[PDB]
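First comes the structure, then the notes that go with it.
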Amino acid sequence: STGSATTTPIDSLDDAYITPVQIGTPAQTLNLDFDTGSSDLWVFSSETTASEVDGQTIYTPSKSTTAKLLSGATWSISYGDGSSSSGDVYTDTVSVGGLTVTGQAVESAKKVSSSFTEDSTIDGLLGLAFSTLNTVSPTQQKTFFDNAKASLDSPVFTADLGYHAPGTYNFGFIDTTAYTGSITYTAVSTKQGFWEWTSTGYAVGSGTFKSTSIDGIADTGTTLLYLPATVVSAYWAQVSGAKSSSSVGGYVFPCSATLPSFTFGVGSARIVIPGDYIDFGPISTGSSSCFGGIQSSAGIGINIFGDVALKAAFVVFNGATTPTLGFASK
């Protein structure tokens with residue numbers, strides 16, 4: 001089997017991407033944030049605290065003939081940005097882009113933090129990291145990809161995120177028309193439950209490439225590119241007037257600037273992030289100070305190849321017995 005679904009930016013900055021997901025019978029379609037940095041499929045639901053729902057579409061298990069309470073199971077998750085959610089668990093039929101999993105754990109939110117409530121466009125998350133990170137207790141549950149894997153034509157999914165445009169998540173096949181040149185594959189460590197890999201270095205604009213190992217995670221659920229302070233300083237030093245602002249919470253730059261590109265290494269291959277992808281616009285409405293899309297990972301504890309980086313590539317998440325990651329230009 002295979003599946004193919006379009007993923008769409010939630011706003012003009014590509015702050016996140018939503019992908020329609022069919023849950024239950026008859027289908028209830030919710031728009032979920034596919035997150036390769038976590039491993040819970042959770043949804044706004046009929047059980048969510050009413051005051052914490054503001055415009056989201058909810059899953060109502062009582063209206064699904066295939067929903068079953070997973071008795072005794074609870075979940076609770078906290079994300080790197082400080083947001084969180086928790087609740088109980090149903091199993092139900094879940095389909096993405098024509099690919100169907102029966103008996104998928106659908107985690108129903110009883111509580112969500114303010115950032116979720118305030119984002120009316122995201123109806124939940126669909127985790128695509130390794131199932132060892134799944135938070136369901138006392139019986140850990142599998143991700144949608146893990147459940148689907150054995151049925152897939154090939155045990156892979158791909159992320160093809162757009163810049164200010166829709167893109168695609170495919171399951172079970174590699175679309176050879178979706179990228180240019182060849183795909184370069186690189187080793188993954190699953191020790192922390194992430195799609196963790198080591199970049200071979202970087203360049204700033206037309207500058208020379210610096211060979212240096214940068215361990216980090218491929219994370220579709222993180223907006224920006226978070227790299228070591230040395231790397232980030234070298235990037236922003238090439239933008240007149242750019243500075244790190246503790247009051248704003250990162251690097252800012254004059255909105256009048258033309259940003260240089262940023263290149264990262266994948267083995268002997270190179271992925272180029274155009275300067276425009278690094279512009280996240282005014283820090284507040286009408287400001288001439290703009291927020292940067294490359295930020296320091298210092299104090300996160302891990303480097304994160306978020307959407308800024310991933311959207312410059314066609315990315316293969318290879319879930320074979322020994323997982324690997326592939327990157328191509330596009």
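Backbone-built Cβ (ideal geometry, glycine too); neighbour counts: all protein chains shown. Please treat every number below as a calculation from the coordinates, not as lab data.
A compact table of results
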{"read-out": "Counted residues, segment 228-256 - those being in contact (Cβ under 8 Å) with a residue 12 or more places away in the chain and under 16 Å from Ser199 (Cα atoms)", "value": "4"}
{"read-out": "Candidates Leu161, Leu125 - the one that is of a type in the set (A, V, I, L, M, F, W, C), touching a residue at least 40 places away in the same chain (Cβ under 8 Å) and in contact with a helix residue (DSSP H, G or I) (Cβ under 6 Å, 6 or more places away or on another chain)", "value": "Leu161"}
{"read-out": "Selection count, segment 4-58, where residues are among the acidic types (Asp, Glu) and under 17 Å from the mean Cα position of the chain (by Cα)", "value": "6"}
{"read-out": "Residue in segment 184-207 that is in contact (Cβ under 8 Å) with a residue 12 or more places away in the chain, loosely packed, with under 14 Cβ neighbours inside 10 Å and of a type in the set (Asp, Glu) present", "value": "no"}
{"read-out": "Residue list for segment 257-307, filter: out of contact with any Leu (no Cβ under 6 Å at 6 or more places or on another chain), in contact (Cβ under 8 Å) with a residue 12 or more places away in the chain and among the β-branched types (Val, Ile, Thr)", "value": "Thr258, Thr263, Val266, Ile271, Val272, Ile273, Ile283, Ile300, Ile302, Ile304"}
{"read-out": "Some residue of segment 85-92 being in a loop (DSSP other than H, G, I, E, B) and farther than 30 Å from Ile304 by Cα", "value": "no"}
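Here is a yes/no grid of residues against (1) of a type in the set (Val, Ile, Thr); (2) touching a helix residue (DSSP H, G or I) at 6+ places or on another chain (Cβ under 9 Å); (3) over 30 Å from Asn170 (Cα atoms):
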position: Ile214; (1), (2), (3): yes, yes, no
position: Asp219; (1), (2), (3): no, yes, no
position: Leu225; (1), (2), (3): no, yes, no
position: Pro228; (1), (2), (3): no, no, yes
position: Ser233; (1), (2), (3): no, no, yes
position: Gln238; (1), (2), (3): no, no, yes
position: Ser245; (1), (2), (3): no, no, yes
position: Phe253; (1), (2), (3): no, yes, yes
position: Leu259; (1), (2), (3): no, yes, yes
